[PDB]
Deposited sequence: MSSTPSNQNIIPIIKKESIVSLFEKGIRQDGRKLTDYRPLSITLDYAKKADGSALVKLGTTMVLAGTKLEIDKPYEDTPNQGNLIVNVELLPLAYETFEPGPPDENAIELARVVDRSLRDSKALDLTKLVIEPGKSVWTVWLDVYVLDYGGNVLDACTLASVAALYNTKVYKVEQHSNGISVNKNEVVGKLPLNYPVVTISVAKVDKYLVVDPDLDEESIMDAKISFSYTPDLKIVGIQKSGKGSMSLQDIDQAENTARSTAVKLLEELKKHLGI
């Protein structure tokens, strides 16, 4: 059973109007434009005992993603594919499950990680990639941060030597079979305005948000609307235009952090 969150921090009409008044002059509380992303930090290899990891700061939102690889027999249905298992934890569920699945879908459906290249022995043994994503600081737009952390952690992942049966964890053999990074861009509808990368206050006053996932060739690769409110046909049309032109900038920035 899913139910309207009773803990939800109701934000007075007076404060919403302040924010909306700024939007009307094309500016936000923290000074950025309506289409601007917050400052982005990525620290790779943050969790030393992870196979690959990334600590992402997007504004005040902090996410730590880490990978862990294991050898498993493949699923009966898919004898020639490895596995990706995404898990999200909110520390400060349901929203956690949604986040996990949305991230998973955009990694899987985009073919960013090629699962068919995770086979060791077809039908006998394949790699399972455990991706665990920990939201440490909730500063708004957790999803985009999760995607950034996830992608970064995957790129940071070391693959080890296979003794044939056994994993030799002090001989690094290679990297994950990654085709390209992927970004998720969230656009929030607040009043009659569209805003990129909504912060905490912005998320609390928004009608709804919509998240678009892009590969570098700017193909759409996942969409998820979110929030208790609705959004018009034109809103969504504009939102993706805005999202896509933002995607280019964010991909560049992501690549810089990853060493391309």
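Note: segments 93-103, 176-179 of the deposited sequence have no C-alpha coordinates in the structure.
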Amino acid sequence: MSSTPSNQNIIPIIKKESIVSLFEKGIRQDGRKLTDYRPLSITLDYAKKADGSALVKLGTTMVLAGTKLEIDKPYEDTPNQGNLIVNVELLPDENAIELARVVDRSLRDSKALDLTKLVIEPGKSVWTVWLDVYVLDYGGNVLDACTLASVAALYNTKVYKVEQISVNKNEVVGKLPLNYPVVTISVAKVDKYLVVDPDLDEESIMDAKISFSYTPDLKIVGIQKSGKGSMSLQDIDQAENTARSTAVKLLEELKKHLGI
From here on, numbers count along this sequence of modelled residues.
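Stretches compared: 76-84, 183-191. Higher mean C-alpha B-factor in the entry: 76-84.
Stretches 170-178 and 98-106 differ in mean C-alpha B factor, with the higher average recorded for 170-178. Of the candidates 152, 133, 129, 162, the one whose C-alpha carries the top B factor in the deposited record is 162. Residue 36 sits in the highest third of its chain by CA B factor, as recorded in the PDB entry.
Sorting the modelled residues of the chain by their CA temperature factor places residue 25 in the lowest third. Ranked by C-alpha B-factor against the other modelled residues of its chain, residue 10 falls in the highest third. In the deposited entry, the Cα temperature factor of residue 148 sits in the bottom third of values across the chain's modelled residues.
In this PDB entry, residue 19 carries a Cα temperature factor that places it within the lowest third of its chain's modelled residues.
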